[PDB]
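To begin, one chain is listed below as structure tokens, in the form deposited in one PDB entry.
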């Protein structure tokens, strides 16, 4: 149907916007602390701590399959990145501090992305 096509074009355009959002958030992580999954070979206890691991590569896989239906879903995954790190790592660590800085800078980007998603529909 043409209605199903139109819904698919909206999903595609959301995907475009989320791709740009993801690039902008990831530039706020120049150390690349959040680029890839935590390795269970190198942190064998991780899944005892963290139930839903998340990272930028994993988000990019989901995005490219048009797997985010709305901004809320994409924000959920970005928040997992930050929140998982802040739980596993102590306040005095480069990892924790990197996550605080990512959260603060990412807030800026997400605030305007919400306006754009509401505005364009």
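Residue numbers count along the first chain shown, from 1.
Judged by mean Cα B factor in the deposited record, 61-69 ranks above the other of 61-69 and 77-85.
Looking at 97-105 and 14-22 together, the entry lists the larger mean B-factor for 14-22, computed on C-alpha atoms. In this structure the maximum Cα B-factor among 35, 40, 54, 50 is found at 40. When the CA B factors of the chain's modelled residues are split into thirds, the value for residue 2 lands in the lowest one.
Not pictured, yet referred to below: the form deposited with a small molecule bound.
Using a 4.5 Å cut-off to the small molecule in the deposited bound form, not one of 17, 25 and 78 places a heavy atom inside that distance. Within 4.5 Å of any heavy atom of the small molecule in the deposited bound form lies no heavy atom of residue 57. Put simply, residue 42 is close to the small molecule in the deposited bound form: some heavy atom of it is within 4.5 Å. For residue 88, a non-hydrogen atom is located within 4.5 Å of the small molecule in the deposited bound form, even though that partner is not displayed.
Remark: residue 34 counts among the residues lining the small molecule in the deposited bound form, judged by a heavy atom distance of 4.5 Å or less.
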